[PDB]
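Some notes on the structure that comes next.
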Amino acid sequence: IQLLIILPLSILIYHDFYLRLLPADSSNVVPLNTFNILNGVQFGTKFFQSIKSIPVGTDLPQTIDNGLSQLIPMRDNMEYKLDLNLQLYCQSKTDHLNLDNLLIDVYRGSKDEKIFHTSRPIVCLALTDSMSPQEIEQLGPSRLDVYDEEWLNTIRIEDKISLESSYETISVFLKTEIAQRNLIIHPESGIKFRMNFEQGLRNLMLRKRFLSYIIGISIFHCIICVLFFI
Amino acid sequence: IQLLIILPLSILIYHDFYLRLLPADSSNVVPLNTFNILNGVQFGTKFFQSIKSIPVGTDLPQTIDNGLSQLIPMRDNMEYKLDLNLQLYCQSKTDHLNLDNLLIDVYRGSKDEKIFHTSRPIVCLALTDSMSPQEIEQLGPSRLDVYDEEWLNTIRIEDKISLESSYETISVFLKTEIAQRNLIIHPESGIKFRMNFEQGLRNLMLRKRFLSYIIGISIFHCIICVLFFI
Amino acid sequence: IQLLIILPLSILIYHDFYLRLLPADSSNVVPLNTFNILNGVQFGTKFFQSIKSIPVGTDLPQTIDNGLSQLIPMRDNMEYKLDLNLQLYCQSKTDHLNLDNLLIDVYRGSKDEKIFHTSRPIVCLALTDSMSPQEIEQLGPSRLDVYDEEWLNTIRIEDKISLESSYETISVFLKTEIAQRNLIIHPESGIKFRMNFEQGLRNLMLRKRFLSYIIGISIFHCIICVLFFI
């Protein structure tokens, strides 16, 4: 097994190539905890946060995942793509309708213009719902693990929202169209701001960072093996 | 089996290296029993405790796990990272909503400034919940073992709260946003205060003490074997 | 099988060594039956017993396990560590909340100063709880065996309470913070008073008497075998 000592020399150079081609400041994950929350009844919940624009050569800071309201940093003359990663629990307070429709509306700063709308059917927990002991044995003994693997509504929206730093505010509206529910947003829910590169492949690599490392470390094995043949 | 008598000589030297590089006073676990408890209805429960600052060369004492209110000792000119280890049982008194959201708020001593906020979905015990005999056979015969492995809500927050000894008081707020519940905090719940070292690897070793010993005693086997080859 | 006749000569000498190094009067188990019981509603149940101090060379008596109120004998100028072994059944009289929190408070004789506080989550029997025939087959046919293996709340607190013989009275408070329950204390529940030796290893051997015999009789096998080699 001589492949174990040479694979670090491949992963290090691939990591250096990835950071050279995709800088670390090209993507920013902004959790919804860092937004401002406005709860209503005719619009659901509102996730609005102002945008701060910094000039070139200013070392774009990252968003601290501390749950505090922070301005979203974006490069001034740059166009960003938004990846909405939303995980939430729906809990029926009334009418116990087990399946509902979640309305997702994205606005930007003549008051606010809507730039994205979508619907996602979501399963909602009812008081009559019970958890069988078969699910405990298979889906992990922990009740929270069973709820996460069974009732957690995961909503991913990538490469569909375009935002410019010239706009001052961005708002996200979440509403259920059938009945009022208790929406528990998972703390890992957030919006990832990606720089939209014109090379095409870089945008795909940003969206698939985990898959990109696997493909890169599997495709450098031919470079590793070609020096063996010579 | 000649490896059994030489492994103590490796674990002893690795322990000496660990204590030389990470002193025993670099981390302090302060259980929530040693805080002051203030129970409300508009903020939940409050875990506040004053800070005592001692000068250099004063032999930082540890926190006695006796459940008595003790001041938190921190070095004067040192910045500490807080690891919140929180285990608790949620028990529904009313409305028997099986899943709730726990709000964790951390303050510090112009009255109090919030330095951390987060949410954690938690499972709550209801009166209709029953424990199947299948869970008794698999998750240990003891009822408390089944509750610990099934209903205990474990919340770990590491490397996200930064505290300075210049501040006098630190507060921790726990609240459920949906309904009022009976929160039974596990006696092992507490906050671990770690010194933030600038070397980077030392901070990682403090956070992963159990894993660090395993890696160290597995990586010294090459030093053990190299003297065999010579 | 010649090891069967020589192992008594090893266990006898190890027992003699244990009694020479740890005298028989170095530990005293005082069951809670021998305390005085005061039942309240704002403090739960109170386990208070006065201390008798005898001078040196007085042959410290043991506590008779007869359920009668007896003074606790401790050496005059000696510091004792308390090991609280508490087994109890919780039975819900009202509100049938299946899980509760037990508050343990230890005082000593300006009226009484608290020296230890802790909480232990305990499972409580409800009237709706039923015992499946599967548990009868596996956890012993006897109903009391199933309750002991399933519902008995075992609370062990060792090496956390320090008491001096200069104090006259020691009190133990047991209370459930959620609801009033019927606490049935197991007759074997009690407090073990250990002498705190400065050698460190003796304190560990007192706390692990059963494990200490096993380790000692397994470590004297090398002394047994070394005379075979010579």
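Going by the structure tokens order, chains are called A, B, ..., each with residues numbered from 1, while ligands are numbered from 1 in the order shown.
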Starting from chain B, keep only residues with some atom at most 10 Å from an atom of chain A, counting only C-alpha atoms, and report them as a PDB file with N, CA and C atoms, in the first residue's frame.
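Okay, this is what ended up in part06.pdb:
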```
ATOM      1  N   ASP B  95     -50.786  21.634  26.013  1.00  0.00           N
ATOM      2  CA  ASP B  95     -50.870  21.667  24.554  1.00  0.00           C
ATOM      3  C   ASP B  95     -50.097  20.526  23.900  1.00  0.00           C
ATOM      4  N   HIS B  96     -49.327  19.786  24.703  1.00  0.00           N
ATOM      5  CA  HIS B  96     -48.665  18.537  24.303  1.00  0.00           C
ATOM      6  C   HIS B  96     -48.109  18.579  22.878  1.00  0.00           C
ATOM      7  N   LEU B  97     -47.497  19.702  22.508  1.00  0.00           N
ATOM      8  CA  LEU B  97     -46.827  19.784  21.215  1.00  0.00           C
ATOM      9  C   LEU B  97     -45.485  19.071  21.308  1.00  0.00           C
ATOM     10  N   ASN B  98     -45.321  18.013  20.521  1.00  0.00           N
ATOM     11  CA  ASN B  98     -44.222  17.080  20.728  1.00  0.00           C
ATOM     12  C   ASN B  98     -42.873  17.663  20.313  1.00  0.00           C
ATOM     13  N   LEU B  99     -42.854  18.744  19.536  1.00  0.00           N
ATOM     14  CA  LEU B  99     -41.600  19.311  19.067  1.00  0.00           C
ATOM     15  C   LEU B  99     -41.641  20.818  19.255  1.00  0.00           C
ATOM     16  N   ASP B 100     -40.571  21.371  19.823  1.00  0.00           N
ATOM     17  CA  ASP B 100     -40.512  22.784  20.171  1.00  0.00           C
ATOM     18  C   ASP B 100     -39.164  23.350  19.743  1.00  0.00           C
ATOM     19  N   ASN B 101     -39.029  24.669  19.862  1.00  0.00           N
ATOM     20  CA  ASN B 101     -37.810  25.384  19.494  1.00  0.00           C
ATOM     21  C   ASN B 101     -37.246  26.028  20.752  1.00  0.00           C
ATOM     22  N   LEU B 102     -35.991  25.725  21.068  1.00  0.00           N
ATOM     23  CA  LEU B 102     -35.333  26.292  22.238  1.00  0.00           C
ATOM     24  C   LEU B 102     -34.466  27.467  21.807  1.00  0.00           C
ATOM     25  N   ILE B 104     -31.550  30.045  22.694  1.00  0.00           N
ATOM     26  CA  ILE B 104     -30.375  30.185  23.545  1.00  0.00           C
ATOM     27  C   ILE B 104     -29.784  31.564  23.300  1.00  0.00           C
ATOM     28  N   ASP B 105     -29.722  32.374  24.350  1.00  0.00           N
ATOM     29  CA  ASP B 105     -29.206  33.731  24.272  1.00  0.00           C
ATOM     30  C   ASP B 105     -28.098  33.905  25.299  1.00  0.00           C
ATOM     31  N   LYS B 114     -25.832  41.472  23.843  1.00  0.00           N
ATOM     32  CA  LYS B 114     -25.976  40.097  23.385  1.00  0.00           C
ATOM     33  C   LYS B 114     -24.813  39.745  22.468  1.00  0.00           C
ATOM     34  N   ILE B 115     -24.157  38.621  22.745  1.00  0.00           N
ATOM     35  CA  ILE B 115     -23.011  38.181  21.958  1.00  0.00           C
ATOM     36  C   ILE B 115     -23.274  36.894  21.197  1.00  0.00           C
ATOM     37  N   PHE B 116     -24.368  36.194  21.482  1.00  0.00           N
ATOM     38  CA  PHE B 116     -24.677  34.962  20.776  1.00  0.00           C
ATOM     39  C   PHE B 116     -26.168  34.692  20.874  1.00  0.00           C
ATOM     40  N   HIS B 117     -26.753  34.251  19.765  1.00  0.00           N
ATOM     41  CA  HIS B 117     -28.132  33.797  19.735  1.00  0.00           C
ATOM     42  C   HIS B 117     -28.228  32.593  18.814  1.00  0.00           C
ATOM     43  N   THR B 118     -29.034  31.612  19.206  1.00  0.00           N
ATOM     44  CA  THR B 118     -29.242  30.436  18.379  1.00  0.00           C
ATOM     45  C   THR B 118     -30.564  29.790  18.756  1.00  0.00           C
ATOM     46  N   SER B 119     -31.019  28.892  17.891  1.00  0.00           N
ATOM     47  CA  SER B 119     -32.215  28.106  18.128  1.00  0.00           C
ATOM     48  C   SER B 119     -31.885  26.637  17.932  1.00  0.00           C
ATOM     49  N   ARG B 120     -32.533  25.786  18.725  1.00  0.00           N
ATOM     50  CA  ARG B 120     -32.362  24.355  18.600  1.00  0.00           C
ATOM     51  C   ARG B 120     -33.739  23.716  18.718  1.00  0.00           C
ATOM     52  N   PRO B 121     -34.199  23.005  17.690  1.00  0.00           N
ATOM     53  CA  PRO B 121     -35.428  22.218  17.839  1.00  0.00           C
ATOM     54  C   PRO B 121     -35.220  21.104  18.853  1.00  0.00           C
ATOM     55  N   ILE B 122     -36.182  20.956  19.758  1.00  0.00           N
ATOM     56  CA  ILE B 122     -36.101  19.976  20.832  1.00  0.00           C
ATOM     57  C   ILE B 122     -37.385  19.163  20.858  1.00  0.00           C
ATOM     58  N   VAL B 123     -37.248  17.885  21.167  1.00  0.00           N
ATOM     59  CA  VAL B 123     -38.399  17.010  21.347  1.00  0.00           C
ATOM     60  C   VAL B 123     -38.861  17.112  22.793  1.00  0.00           C
ATOM     61  N   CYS B 124     -40.174  17.160  22.981  1.00  0.00           N
ATOM     62  CA  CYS B 124     -40.764  17.334  24.298  1.00  0.00           C
ATOM     63  C   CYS B 124     -41.657  16.149  24.626  1.00  0.00           C
ATOM     64  N   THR B 128     -49.321  11.573  26.430  1.00  0.00           N
ATOM     65  CA  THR B 128     -49.768  10.468  25.594  1.00  0.00           C
ATOM     66  C   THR B 128     -48.621   9.578  25.139  1.00  0.00           C
ATOM     67  N   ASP B 129     -47.380  10.032  25.283  1.00  0.00           N
ATOM     68  CA  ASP B 129     -46.235   9.236  24.862  1.00  0.00           C
ATOM     69  C   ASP B 129     -46.075   8.021  25.767  1.00  0.00           C
ATOM     70  N   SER B 130     -45.955   6.849  25.155  1.00  0.00           N
ATOM     71  CA  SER B 130     -45.762   5.598  25.869  1.00  0.00           C
ATOM     72  C   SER B 130     -44.489   4.928  25.376  1.00  0.00           C
ATOM     73  N   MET B 131     -43.904   4.107  26.240  1.00  0.00           N
ATOM     74  CA  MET B 131     -42.633   3.453  25.964  1.00  0.00           C
ATOM     75  C   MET B 131     -42.888   1.981  25.675  1.00  0.00           C
ATOM     76  N   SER B 132     -42.575   1.561  24.453  1.00  0.00           N
ATOM     77  CA  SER B 132     -42.854   0.201  24.028  1.00  0.00           C
ATOM     78  C   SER B 132     -41.900  -0.784  24.702  1.00  0.00           C
ATOM     79  N   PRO B 133     -42.348  -2.021  24.940  1.00  0.00           N
ATOM     80  CA  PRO B 133     -41.428  -3.041  25.466  1.00  0.00           C
ATOM     81  C   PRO B 133     -40.277  -3.363  24.529  1.00  0.00           C
ATOM     82  N   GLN B 134     -40.408  -3.080  23.231  1.00  0.00           N
ATOM     83  CA  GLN B 134     -39.284  -3.260  22.318  1.00  0.00           C
ATOM     84  C   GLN B 134     -38.138  -2.319  22.667  1.00  0.00           C
ATOM     85  N   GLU B 135     -38.458  -1.078  23.041  1.00  0.00           N
ATOM     86  CA  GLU B 135     -37.423  -0.136  23.452  1.00  0.00           C
ATOM     87  C   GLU B 135     -36.767  -0.554  24.761  1.00  0.00           C
ATOM     88  N   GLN B 138     -34.107  -3.247  23.839  1.00  0.00           N
ATOM     89  CA  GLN B 138     -32.984  -2.779  23.038  1.00  0.00           C
ATOM     90  C   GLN B 138     -32.206  -1.650  23.704  1.00  0.00           C
ATOM     91  N   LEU B 139     -32.898  -0.671  24.285  1.00  0.00           N
ATOM     92  CA  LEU B 139     -32.256   0.515  24.841  1.00  0.00           C
ATOM     93  C   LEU B 139     -31.985   0.384  26.334  1.00  0.00           C
ATOM     94  N   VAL B 146     -33.550   4.473  28.718  1.00  0.00           N
ATOM     95  CA  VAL B 146     -34.322   4.679  27.498  1.00  0.00           C
ATOM     96  C   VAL B 146     -34.623   6.157  27.293  1.00  0.00           C
ATOM     97  N   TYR B 147     -34.990   6.870  28.361  1.00  0.00           N
ATOM     98  CA  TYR B 147     -35.214   8.307  28.241  1.00  0.00           C
ATOM     99  C   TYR B 147     -33.940   9.045  27.856  1.00  0.00           C
ATOM    100  N   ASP B 148     -32.804   8.657  28.435  1.00  0.00           N
ATOM    101  CA  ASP B 148     -31.541   9.304  28.107  1.00  0.00           C
ATOM    102  C   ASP B 148     -31.157   9.074  26.652  1.00  0.00           C
ATOM    103  N   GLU B 149     -31.342   7.855  26.154  1.00  0.00           N
ATOM    104  CA  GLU B 149     -30.962   7.525  24.789  1.00  0.00           C
ATOM    105  C   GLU B 149     -32.005   7.967  23.768  1.00  0.00           C
ATOM    106  N   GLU B 150     -33.209   8.317  24.212  1.00  0.00           N
ATOM    107  CA  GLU B 150     -34.334   8.595  23.328  1.00  0.00           C
ATOM    108  C   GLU B 150     -34.841  10.025  23.407  1.00  0.00           C
ATOM    109  N   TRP B 151     -35.002  10.574  24.609  1.00  0.00           N
ATOM    110  CA  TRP B 151     -35.640  11.868  24.787  1.00  0.00           C
ATOM    111  C   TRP B 151     -34.702  12.973  25.243  1.00  0.00           C
ATOM    112  N   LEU B 152     -33.452  12.664  25.569  1.00  0.00           N
ATOM    113  CA  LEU B 152     -32.530  13.681  26.050  1.00  0.00           C
ATOM    114  C   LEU B 152     -32.084  14.569  24.896  1.00  0.00           C
ATOM    115  N   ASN B 153     -32.273  15.876  25.059  1.00  0.00           N
ATOM    116  CA  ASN B 153     -31.903  16.856  24.044  1.00  0.00           C
ATOM    117  C   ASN B 153     -30.491  17.341  24.338  1.00  0.00           C
ATOM    118  N   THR B 154     -29.541  16.948  23.500  1.00  0.00           N
ATOM    119  CA  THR B 154     -28.144  17.318  23.674  1.00  0.00           C
ATOM    120  C   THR B 154     -27.813  18.463  22.726  1.00  0.00           C
ATOM    121  N   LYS B 160     -17.923  29.304  19.137  1.00  0.00           N
ATOM    122  CA  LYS B 160     -18.815  30.327  18.611  1.00  0.00           C
ATOM    123  C   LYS B 160     -19.053  31.488  19.563  1.00  0.00           C
ATOM    124  N   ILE B 161     -18.667  31.375  20.830  1.00  0.00           N
ATOM    125  CA  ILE B 161     -18.837  32.439  21.812  1.00  0.00           C
ATOM    126  C   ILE B 161     -17.459  32.873  22.288  1.00  0.00           C
ATOM    127  N   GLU B 177     -40.024  28.965  22.394  1.00  0.00           N
ATOM    128  CA  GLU B 177     -40.777  30.025  21.736  1.00  0.00           C
ATOM    129  C   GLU B 177     -42.232  29.669  21.459  1.00  0.00           C
ATOM    130  N   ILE B 178     -42.604  28.393  21.522  1.00  0.00           N
ATOM    131  CA  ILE B 178     -43.965  27.998  21.172  1.00  0.00           C
ATOM    132  C   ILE B 178     -44.840  27.947  22.416  1.00  0.00           C
TER     133      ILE B 178
END
```
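Going from CA of residue 221 (chain C) over to CA of residue 12 (chain B), you cover 24.9 Å.
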message = Need to verify the contact set: region 200-202 of chain B, 8 Å, only C-alpha atoms, exclusion of same-chain residues closer than 4 positions in sequence. Can you return it as a PyMOL selection string?
response = chain B and resi 21-22+206
message = Set the distance at 7 Å and use only C-alpha atoms: which residues neighbour residue 47 (chain C) once local chain neighbours fewer than 4 positions away are removed? I'd like the list as JSON, numbers by chain.
response = {"C": [32, 35, 36, 37, 38, 171, 172, 173]}
Generate the output file for the selected residues, C-alpha atoms, as an mmCIF file, in the first residue's frame.
```cif
data_model
loop_
_atom_site.group_PDB
_atom_site.id
_atom_site.type_symbol
_atom_site.label_atom_id
_atom_site.label_comp_id
_atom_site.auth_asym_id
_atom_site.auth_seq_id
_atom_site.Cartn_x
_atom_site.Cartn_y
_atom_site.Cartn_z
ATOM 1 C CA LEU C 32 -30.714 6.613 55.832
ATOM 2 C CA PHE C 35 -31.131 9.142 60.301
ATOM 3 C CA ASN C 36 -34.009 11.238 61.627
ATOM 4 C CA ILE C 37 -36.791 11.782 59.094
ATOM 5 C CA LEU C 38 -38.669 15.079 58.798
ATOM 6 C CA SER C 171 -28.837 17.160 56.911
ATOM 7 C CA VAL C 172 -29.855 15.705 53.547
ATOM 8 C CA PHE C 173 -32.825 17.173 51.681
#
```
ask   = Given the choices B:210, B:107, B:80, B:193, which gets closest to residue 164 (chain B) if the distance is worked out from only C-alpha atoms?
value =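 Using only C-alpha atoms, the shortest distance to residue 164 (chain B) belongs to B:80.
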request  = Within 9 Å of residue 75 (chain A), counting only C-alpha atoms, which residues show up once you throw out same-chain ones fewer than 2 positions away? Write them as a PyMOL selection string, please.
outcome  = chain A and resi 52-56+60+73+77-80+165+195
message = Please report the interatomic distance between CA of residue 219 (chain C) and CA of residue 9 (chain C) in Å with one decimal.
response =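 Value for the CA of residue 219 (chain C)-CA of residue 9 (chain C) distance: 13.8 Å.
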